[PDB]
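Data file: model-v9.cif. Format and content: mmCIF, C-alpha atoms; chains and numbers go by the auth columns.
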data_structure
#
loop_
_atom_site.group_PDB
_atom_site.id
_atom_site.type_symbol
_atom_site.label_atom_id
_atom_site.label_comp_id
_atom_site.label_asym_id
_atom_site.label_seq_id
_atom_site.Cartn_x
_atom_site.Cartn_y
_atom_site.Cartn_z
_atom_site.B_iso_or_equiv
_atom_site.auth_seq_id
_atom_site.auth_asym_id
ATOM 1 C CA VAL A 1 66.590 113.646 88.114 0.00 402 K
ATOM 2 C CA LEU A 2 63.518 111.420 88.329 0.00 403 K
ATOM 3 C CA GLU A 3 64.817 108.021 87.219 0.00 404 K
ATOM 4 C CA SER A 4 68.102 108.804 88.955 0.00 405 K
ATOM 5 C CA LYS A 5 68.079 110.685 92.199 0.00 406 K
ATOM 6 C CA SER A 6 71.724 109.684 92.176 0.00 407 K
ATOM 7 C CA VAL A 7 73.523 112.523 90.401 0.00 408 K
ATOM 8 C CA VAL A 8 76.877 114.197 91.060 0.00 409 K
ATOM 9 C CA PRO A 9 76.948 117.883 91.985 0.00 410 K
ATOM 10 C CA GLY A 10 78.575 119.762 89.135 0.00 411 K
ATOM 11 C CA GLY A 11 79.326 118.765 85.612 0.00 412 K
ATOM 12 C CA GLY A 12 82.527 120.753 85.287 0.00 413 K
ATOM 13 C CA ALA A 13 83.636 121.194 88.880 0.00 414 K
ATOM 14 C CA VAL A 14 84.626 117.530 88.845 0.00 415 K
ATOM 15 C CA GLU A 15 87.473 118.093 86.367 0.00 416 K
ATOM 16 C CA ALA A 16 89.627 120.342 88.548 0.00 417 K
ATOM 17 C CA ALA A 17 89.059 118.169 91.608 0.00 418 K
ATOM 18 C CA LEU A 18 89.451 114.970 89.567 0.00 419 K
ATOM 19 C CA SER A 19 92.861 115.977 88.201 0.00 420 K
ATOM 20 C CA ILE A 20 93.920 116.942 91.719 0.00 421 K
ATOM 21 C CA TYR A 21 91.996 113.937 93.084 0.00 422 K
ATOM 22 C CA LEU A 22 94.069 112.042 90.535 0.00 423 K
ATOM 23 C CA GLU A 23 97.136 114.216 91.211 0.00 424 K
ATOM 24 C CA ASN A 24 96.691 113.030 94.781 0.00 425 K
ATOM 25 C CA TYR A 25 96.082 109.451 93.629 0.00 426 K
ATOM 26 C CA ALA A 26 98.946 110.005 91.171 0.00 427 K
ATOM 27 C CA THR A 27 101.760 110.910 93.545 0.00 428 K
ATOM 28 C CA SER A 28 101.484 107.747 95.637 0.00 429 K
ATOM 29 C CA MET A 29 101.402 105.432 92.621 0.00 430 K
ATOM 30 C CA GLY A 30 104.993 106.334 91.772 0.00 431 K
ATOM 31 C CA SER A 31 106.987 104.732 88.967 0.00 432 K
ATOM 32 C CA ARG A 32 105.632 105.633 85.539 0.00 433 K
ATOM 33 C CA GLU A 33 102.050 105.250 86.658 0.00 434 K
ATOM 34 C CA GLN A 34 102.114 108.179 89.009 0.00 435 K
ATOM 35 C CA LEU A 35 102.297 109.991 85.677 0.00 436 K
ATOM 36 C CA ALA A 36 100.018 107.543 83.854 0.00 437 K
ATOM 37 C CA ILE A 37 97.470 108.876 86.331 0.00 438 K
ATOM 38 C CA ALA A 38 98.568 112.458 85.682 0.00 439 K
ATOM 39 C CA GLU A 39 98.234 112.288 81.906 0.00 440 K
ATOM 40 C CA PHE A 40 94.938 110.552 82.566 0.00 441 K
ATOM 41 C CA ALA A 41 94.137 113.653 84.598 0.00 442 K
ATOM 42 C CA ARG A 42 95.364 115.775 81.695 0.00 443 K
ATOM 43 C CA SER A 43 92.701 114.272 79.463 0.00 444 K
ATOM 44 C CA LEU A 44 90.113 115.640 81.922 0.00 445 K
ATOM 45 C CA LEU A 45 90.940 119.266 81.406 0.00 446 K
ATOM 46 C CA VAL A 46 89.290 119.945 78.040 0.00 447 K
ATOM 47 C CA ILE A 47 85.835 119.850 79.641 0.00 448 K
ATOM 48 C CA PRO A 48 85.880 123.482 80.858 0.00 449 K
ATOM 49 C CA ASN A 49 87.978 124.346 77.819 0.00 450 K
ATOM 50 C CA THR A 50 85.804 123.542 74.797 0.00 451 K
ATOM 51 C CA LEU A 51 83.025 124.967 76.952 0.00 452 K
ATOM 52 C CA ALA A 52 84.932 128.201 77.558 0.00 453 K
ATOM 53 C CA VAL A 53 86.124 128.023 73.948 0.00 454 K
ATOM 54 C CA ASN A 54 82.611 127.595 72.549 0.00 455 K
ATOM 55 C CA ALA A 55 81.492 130.252 75.031 0.00 456 K
ATOM 56 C CA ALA A 56 84.437 132.404 73.877 0.00 457 K
ATOM 57 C CA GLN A 57 85.767 132.288 77.442 0.00 458 K
ATOM 58 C CA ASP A 58 89.306 131.901 78.727 0.00 459 K
ATOM 59 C CA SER A 59 89.548 128.261 79.699 0.00 460 K
ATOM 60 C CA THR A 60 92.693 128.354 81.851 0.00 461 K
ATOM 61 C CA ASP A 61 91.680 131.255 84.084 0.00 462 K
ATOM 62 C CA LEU A 62 88.632 129.164 84.931 0.00 463 K
ATOM 63 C CA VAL A 63 89.905 125.583 85.217 0.00 464 K
ATOM 64 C CA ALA A 64 92.951 126.920 87.038 0.00 465 K
ATOM 65 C CA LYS A 65 90.797 129.049 89.308 0.00 466 K
ATOM 66 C CA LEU A 66 88.673 125.903 89.497 0.00 467 K
ATOM 67 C CA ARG A 67 91.681 123.886 90.610 0.00 468 K
ATOM 68 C CA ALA A 68 92.199 126.570 93.264 0.00 469 K
ATOM 69 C CA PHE A 69 88.810 125.875 94.851 0.00 470 K
ATOM 70 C CA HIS A 70 89.683 123.323 97.492 0.00 471 K
ATOM 71 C CA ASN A 71 90.881 122.361 100.901 0.00 472 K
ATOM 72 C CA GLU A 72 90.428 118.781 99.994 0.00 473 K
ATOM 73 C CA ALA A 73 88.736 117.862 96.731 0.00 474 K
ATOM 74 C CA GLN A 74 84.933 117.700 96.605 0.00 475 K
ATOM 75 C CA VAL A 75 82.102 119.200 94.571 0.00 476 K
ATOM 76 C CA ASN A 76 79.662 120.748 97.032 0.00 477 K
ATOM 77 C CA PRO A 77 78.152 124.207 97.686 0.00 478 K
ATOM 78 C CA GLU A 78 78.927 124.140 101.423 0.00 479 K
ATOM 79 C CA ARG A 79 82.535 124.772 100.455 0.00 480 K
ATOM 80 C CA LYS A 80 82.931 126.472 97.108 0.00 481 K
ATOM 81 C CA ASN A 81 85.945 128.202 98.683 0.00 482 K
ATOM 82 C CA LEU A 82 87.309 125.076 100.380 0.00 483 K
ATOM 83 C CA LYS A 83 85.956 122.603 97.776 0.00 484 K
ATOM 84 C CA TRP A 84 84.606 122.638 94.238 0.00 485 K
ATOM 85 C CA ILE A 85 80.981 123.023 93.252 0.00 486 K
ATOM 86 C CA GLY A 86 78.878 123.382 90.107 0.00 487 K
ATOM 87 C CA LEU A 87 79.616 125.125 86.821 0.00 488 K
ATOM 88 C CA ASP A 88 78.509 127.836 84.393 0.00 489 K
ATOM 89 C CA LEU A 89 78.312 127.738 80.590 0.00 490 K
ATOM 90 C CA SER A 90 78.329 131.263 79.127 0.00 491 K
ATOM 91 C CA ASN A 91 80.753 132.619 81.727 0.00 492 K
ATOM 92 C CA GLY A 92 81.858 129.050 82.321 0.00 493 K
ATOM 93 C CA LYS A 93 82.812 129.484 85.978 0.00 494 K
ATOM 94 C CA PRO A 94 81.717 127.215 88.833 0.00 495 K
ATOM 95 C CA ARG A 95 78.287 127.700 90.372 0.00 496 K
ATOM 96 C CA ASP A 96 76.786 125.796 93.219 0.00 497 K
ATOM 97 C CA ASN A 97 73.679 123.689 92.679 0.00 498 K
ATOM 98 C CA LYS A 98 70.695 125.997 92.764 0.00 499 K
ATOM 99 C CA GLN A 99 73.054 128.833 91.845 0.00 500 K
ATOM 100 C CA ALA A 100 73.515 128.049 88.214 0.00 501 K
ATOM 101 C CA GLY A 101 75.137 125.035 89.623 0.00 502 K
ATOM 102 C CA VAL A 102 75.599 122.309 87.074 0.00 503 K
ATOM 103 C CA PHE A 103 75.198 118.632 87.861 0.00 504 K
ATOM 104 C CA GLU A 104 75.650 115.385 86.090 0.00 505 K
ATOM 105 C CA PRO A 105 73.614 112.220 86.345 0.00 506 K
ATOM 106 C CA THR A 106 76.255 109.920 87.737 0.00 507 K
ATOM 107 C CA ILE A 107 75.405 107.382 85.038 0.00 508 K
ATOM 108 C CA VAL A 108 76.640 109.229 81.970 0.00 509 K
ATOM 109 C CA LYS A 109 80.192 110.375 82.730 0.00 510 K
ATOM 110 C CA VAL A 110 81.540 107.064 84.044 0.00 511 K
ATOM 111 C CA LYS A 111 80.334 105.575 80.760 0.00 512 K
ATOM 112 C CA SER A 112 81.935 108.381 78.743 0.00 513 K
ATOM 113 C CA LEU A 113 84.957 107.940 80.989 0.00 514 K
ATOM 114 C CA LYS A 114 84.930 104.187 80.408 0.00 515 K
ATOM 115 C CA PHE A 115 84.607 104.513 76.635 0.00 516 K
ATOM 116 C CA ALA A 116 87.341 107.028 75.811 0.00 517 K
ATOM 117 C CA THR A 117 89.730 105.161 78.088 0.00 518 K
ATOM 118 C CA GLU A 118 88.967 101.946 76.222 0.00 519 K
ATOM 119 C CA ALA A 119 88.773 103.279 72.669 0.00 520 K
ATOM 120 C CA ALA A 120 92.080 105.123 73.031 0.00 521 K
ATOM 121 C CA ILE A 121 93.958 102.053 74.280 0.00 522 K
ATOM 122 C CA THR A 122 92.751 99.959 71.359 0.00 523 K
ATOM 123 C CA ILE A 123 93.695 102.940 69.256 0.00 524 K
ATOM 124 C CA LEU A 124 96.882 102.813 71.317 0.00 525 K
ATOM 125 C CA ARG A 125 96.889 99.079 70.519 0.00 526 K
ATOM 126 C CA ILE A 126 98.084 98.842 66.923 0.00 527 K
ATOM 127 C CA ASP A 127 101.282 100.120 65.371 0.00 528 K
ATOM 128 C CA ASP A 128 100.524 98.984 61.816 0.00 529 K
ATOM 129 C CA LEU A 129 98.058 99.397 59.052 0.00 530 K
ATOM 130 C CA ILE A 130 99.056 97.295 56.033 0.00 531 K
ATOM 131 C CA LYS A 131 97.535 96.607 52.633 0.00 532 K
ATOM 132 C CA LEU A 132 98.286 95.073 49.245 0.00 533 K
ATOM 133 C CA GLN B 1 143.227 107.698 79.368 0.00 380 H
ATOM 134 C CA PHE B 2 141.620 106.555 82.637 0.00 381 H
ATOM 135 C CA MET B 3 144.027 108.348 84.977 0.00 382 H
ATOM 136 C CA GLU B 4 142.708 111.898 84.689 0.00 383 H
ATOM 137 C CA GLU B 5 139.171 111.878 86.100 0.00 384 H
ATOM 138 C CA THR B 6 140.378 110.496 89.437 0.00 385 H
ATOM 139 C CA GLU B 7 142.190 113.791 89.974 0.00 386 H
ATOM 140 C CA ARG B 8 139.079 115.575 88.740 0.00 387 H
ATOM 141 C CA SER B 9 137.152 113.422 91.219 0.00 388 H
ATOM 142 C CA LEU B 10 139.717 114.293 93.895 0.00 389 H
ATOM 143 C CA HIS B 11 139.433 118.048 93.346 0.00 390 H
ATOM 144 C CA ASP B 12 135.662 117.949 92.826 0.00 391 H
ATOM 145 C CA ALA B 13 135.428 116.256 96.205 0.00 392 H
ATOM 146 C CA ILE B 14 137.997 118.731 97.567 0.00 393 H
ATOM 147 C CA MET B 15 135.837 121.504 96.096 0.00 394 H
ATOM 148 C CA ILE B 16 132.514 120.503 97.629 0.00 395 H
ATOM 149 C CA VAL B 17 134.229 119.244 100.764 0.00 396 H
ATOM 150 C CA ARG B 18 135.592 122.773 101.005 0.00 397 H
ATOM 151 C CA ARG B 19 132.194 123.928 99.733 0.00 398 H
ATOM 152 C CA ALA B 20 130.540 121.889 102.469 0.00 399 H
ATOM 153 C CA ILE B 21 132.959 123.963 104.551 0.00 400 H
ATOM 154 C CA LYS B 22 132.358 127.232 102.701 0.00 401 H
ATOM 155 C CA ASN B 23 128.650 126.596 103.275 0.00 402 H
ATOM 156 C CA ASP B 24 127.638 125.133 106.633 0.00 403 H
ATOM 157 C CA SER B 25 124.198 124.010 105.406 0.00 404 H
ATOM 158 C CA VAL B 26 124.480 121.172 102.890 0.00 405 H
ATOM 159 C CA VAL B 27 121.342 119.468 101.600 0.00 406 H
ATOM 160 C CA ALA B 28 120.672 116.243 99.737 0.00 407 H
ATOM 161 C CA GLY B 29 122.345 115.868 96.359 0.00 408 H
ATOM 162 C CA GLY B 30 121.101 114.066 93.273 0.00 409 H
ATOM 163 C CA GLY B 31 118.085 116.330 92.787 0.00 410 H
ATOM 164 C CA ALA B 32 116.420 115.029 95.950 0.00 411 H
ATOM 165 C CA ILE B 33 114.807 118.316 96.962 0.00 412 H
ATOM 166 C CA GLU B 34 113.457 119.433 93.571 0.00 413 H
ATOM 167 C CA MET B 35 110.856 116.656 93.376 0.00 414 H
ATOM 168 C CA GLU B 36 109.218 117.742 96.623 0.00 415 H
ATOM 169 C CA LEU B 37 109.538 121.321 95.373 0.00 416 H
ATOM 170 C CA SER B 38 107.650 120.250 92.262 0.00 417 H
ATOM 171 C CA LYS B 39 104.860 118.833 94.416 0.00 418 H
ATOM 172 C CA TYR B 40 105.382 121.818 96.709 0.00 419 H
ATOM 173 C CA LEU B 41 104.467 123.682 93.555 0.00 420 H
ATOM 174 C CA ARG B 42 101.969 120.989 92.529 0.00 421 H
ATOM 175 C CA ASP B 43 100.449 122.202 95.761 0.00 422 H
ATOM 176 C CA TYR B 44 100.251 125.663 94.195 0.00 423 H
ATOM 177 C CA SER B 45 99.437 124.043 90.867 0.00 424 H
ATOM 178 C CA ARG B 46 96.379 123.146 92.900 0.00 425 H
ATOM 179 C CA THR B 47 96.521 126.025 95.362 0.00 426 H
ATOM 180 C CA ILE B 48 97.702 129.175 93.619 0.00 427 H
ATOM 181 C CA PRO B 49 95.907 129.592 90.312 0.00 428 H
ATOM 182 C CA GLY B 50 93.356 131.868 89.072 0.00 429 H
ATOM 183 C CA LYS B 51 95.648 130.984 86.186 0.00 430 H
ATOM 184 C CA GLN B 52 99.244 130.515 87.089 0.00 431 H
ATOM 185 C CA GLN B 53 99.122 126.798 87.908 0.00 432 H
ATOM 186 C CA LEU B 54 99.945 126.681 84.202 0.00 433 H
ATOM 187 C CA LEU B 55 103.246 128.166 85.296 0.00 434 H
ATOM 188 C CA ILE B 56 103.364 126.263 88.577 0.00 435 H
ATOM 189 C CA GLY B 57 102.736 123.038 86.693 0.00 436 H
ATOM 190 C CA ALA B 58 105.229 124.003 83.991 0.00 437 H
ATOM 191 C CA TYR B 59 107.836 125.731 86.173 0.00 438 H
ATOM 192 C CA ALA B 60 108.191 123.064 88.883 0.00 439 H
ATOM 193 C CA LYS B 61 108.484 120.200 86.397 0.00 440 H
ATOM 194 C CA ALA B 62 111.665 121.698 84.963 0.00 441 H
ATOM 195 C CA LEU B 63 113.326 121.213 88.347 0.00 442 H
ATOM 196 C CA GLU B 64 113.010 117.425 88.169 0.00 443 H
ATOM 197 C CA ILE B 65 114.639 117.343 84.707 0.00 444 H
ATOM 198 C CA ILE B 66 118.169 117.999 85.997 0.00 445 H
ATOM 199 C CA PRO B 67 118.407 114.821 88.128 0.00 446 H
ATOM 200 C CA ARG B 68 116.257 113.241 85.434 0.00 447 H
ATOM 201 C CA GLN B 69 119.171 114.061 83.146 0.00 448 H
ATOM 202 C CA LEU B 70 121.238 111.748 85.342 0.00 449 H
ATOM 203 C CA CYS B 71 118.938 108.717 85.199 0.00 450 H
ATOM 204 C CA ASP B 72 118.718 109.680 81.527 0.00 451 H
ATOM 205 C CA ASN B 73 122.430 110.103 80.802 0.00 452 H
#
Would you encode the structure as structure tokens?
Amino acid sequence: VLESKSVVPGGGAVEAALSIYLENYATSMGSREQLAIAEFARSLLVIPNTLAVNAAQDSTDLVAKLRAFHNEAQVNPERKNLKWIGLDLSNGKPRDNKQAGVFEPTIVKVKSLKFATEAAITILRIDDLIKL
Amino acid sequence: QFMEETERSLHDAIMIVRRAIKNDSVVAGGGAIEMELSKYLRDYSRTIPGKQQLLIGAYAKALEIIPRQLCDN
């Protein structure tokens, strides 16, 4: 909070929006890469899941319900009905900000985003491993 | 061996020409509508779920496979 007053509302409310936000960004891309966005949005969805899983919660009935919080896609307490906001851990469900509402420092995710995207593709790089 | 499917093309036309007659309302062929219907559900894949987007994501996609079968085959 103190070294970064820049932080995103929600840590987990992003995922549902993001997929949709990507699903939106997907559909216009067309070709294969409409889907290359979609499967990129499918990588997103574990974030509520392992949470709900480690919390012994049902992941779908949250992240789906999450994806049903919207008019357009944003994380914000003003519209939790018409937009996403926040998250919970033990129940797992979205909160607002001062509710339980989760945040993220905007620094960390983009880096985590950046890394997995890049490690996977170099993992996606090679087809061989040879030895003698 | 090439002579037969013309007649099958003739009747198949005759069928859906008569079927364009036996149904006044005739929409776009080649799986044109299903794609929108998928997104129409991808709407609900966003809009509907407490859960069932899992369905609405699954269900709708299967539409697009039939004209996909064409580009495929």
Taking a cut-off of 10 Å and counting all atoms listed in the file, can you build a table that, for each residue of chain H near chain K, reports the nearest atom pair and how far apart they are in Å (one decimal), sorted by chain then residue number, as a tab-separated table?
residue	atom	partner	partner_atom	distance
H:418	CA	K:428	CA	8.6
H:421	CA	K:424	CA	8.4
H:422	CA	K:421	CA	9.3
H:423	CA	K:469	CA	8.2
H:424	CA	K:468	CA	7.8
H:425	CA	K:468	CA	5.3
H:426	CA	K:469	CA	4.8
H:427	CA	K:469	CA	6.1
H:428	CA	K:465	CA	5.2
H:429	CA	K:466	CA	3.8
H:430	CA	K:462	CA	4.5
H:431	CA	K:465	CA	7.2
H:432	CA	K:465	CA	6.2
H:433	CA	K:465	CA	7.6
Q) Taking all atoms listed in the file into account, which of K:486, K:508, K:525, K:514 comes nearest residue 442 (chain K)? A)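 Comparing K:486, K:508, K:525, K:514 against residue 442 (chain K), the winner is K:514.
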For the provided coordinates, the residues matched by the PyMOL selection byres ((chain K and resi 498-502) around 12) should be stated as a PDB file with C-alpha atoms, keeping the file's coordinate frame.
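What follows is the written file selection04.pdb:
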ATOM      1  CA  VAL K 408      73.523 112.523  90.401  1.00  0.00           C
ATOM      2  CA  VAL K 409      76.877 114.197  91.060  1.00  0.00           C
ATOM      3  CA  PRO K 410      76.948 117.883  91.985  1.00  0.00           C
ATOM      4  CA  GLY K 411      78.575 119.762  89.135  1.00  0.00           C
ATOM      5  CA  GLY K 412      79.326 118.765  85.612  1.00  0.00           C
ATOM      6  CA  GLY K 413      82.527 120.753  85.287  1.00  0.00           C
ATOM      7  CA  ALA K 414      83.636 121.194  88.880  1.00  0.00           C
ATOM      8  CA  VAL K 476      82.102 119.200  94.571  1.00  0.00           C
ATOM      9  CA  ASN K 477      79.662 120.748  97.032  1.00  0.00           C
ATOM     10  CA  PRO K 478      78.152 124.207  97.686  1.00  0.00           C
ATOM     11  CA  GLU K 479      78.927 124.140 101.423  1.00  0.00           C
ATOM     12  CA  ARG K 480      82.535 124.772 100.455  1.00  0.00           C
ATOM     13  CA  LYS K 481      82.931 126.472  97.108  1.00  0.00           C
ATOM     14  CA  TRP K 485      84.606 122.638  94.238  1.00  0.00           C
ATOM     15  CA  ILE K 486      80.981 123.023  93.252  1.00  0.00           C
ATOM     16  CA  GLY K 487      78.878 123.382  90.107  1.00  0.00           C
ATOM     17  CA  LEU K 488      79.616 125.125  86.821  1.00  0.00           C
ATOM     18  CA  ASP K 489      78.509 127.836  84.393  1.00  0.00           C
ATOM     19  CA  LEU K 490      78.312 127.738  80.590  1.00  0.00           C
ATOM     20  CA  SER K 491      78.329 131.263  79.127  1.00  0.00           C
ATOM     21  CA  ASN K 492      80.753 132.619  81.727  1.00  0.00           C
ATOM     22  CA  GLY K 493      81.858 129.050  82.321  1.00  0.00           C
ATOM     23  CA  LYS K 494      82.812 129.484  85.978  1.00  0.00           C
ATOM     24  CA  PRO K 495      81.717 127.215  88.833  1.00  0.00           C
ATOM     25  CA  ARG K 496      78.287 127.700  90.372  1.00  0.00           C
ATOM     26  CA  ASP K 497      76.786 125.796  93.219  1.00  0.00           C
ATOM     27  CA  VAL K 503      75.599 122.309  87.074  1.00  0.00           C
ATOM     28  CA  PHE K 504      75.198 118.632  87.861  1.00  0.00           C
ATOM     29  CA  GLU K 505      75.650 115.385  86.090  1.00  0.00           C
TER      30      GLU K 505
END
Q: Quick one: pull the distance between CA of residue 473 (chain K) and CA of residue 422 (chain K), Å, one decimal.
A: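 That distance, rounded to one decimal, is 8.6 Å.
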Q) Which protein, DNA or RNA residues have an atom at most 10 Å from (108.3, 121.5, 86.6), counting all atoms listed in the file? List them as a PyMOL selection string. A) chain H and resi 413-414+416-418+420-421+434-444
**Q.** Picked residues, the PyMOL selection byres ((chain K and resi 439) around 9), as a PyMOL selection string
**A.** chain K and resi 420-421+423-424+426-428+434-438+440-444
Please write out, as JSON, where the centre of an axis-aligned box around all listed atoms of region 519-527 of chain K lies and how long its edges are, in Å to one decimal, after adding 6 Å on each side.
{"center_x": 93.4, "center_y": 102.0, "center_z": 71.6, "size_x": 21.3, "size_y": 18.3, "size_z": 21.3}
Q. To one decimal place, how far is CA of residue 387 (chain H) from CA of residue 451 (chain H) in Å?
A.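 So the answer is 22.4 Å.
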Q) What separation in Å, quoted to one decimal, exists between CA of residue 475 (chain K) and CA of residue 520 (chain K)? A)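 Going from CA of residue 475 (chain K) over to CA of residue 520 (chain K) covers 28.2 Å.
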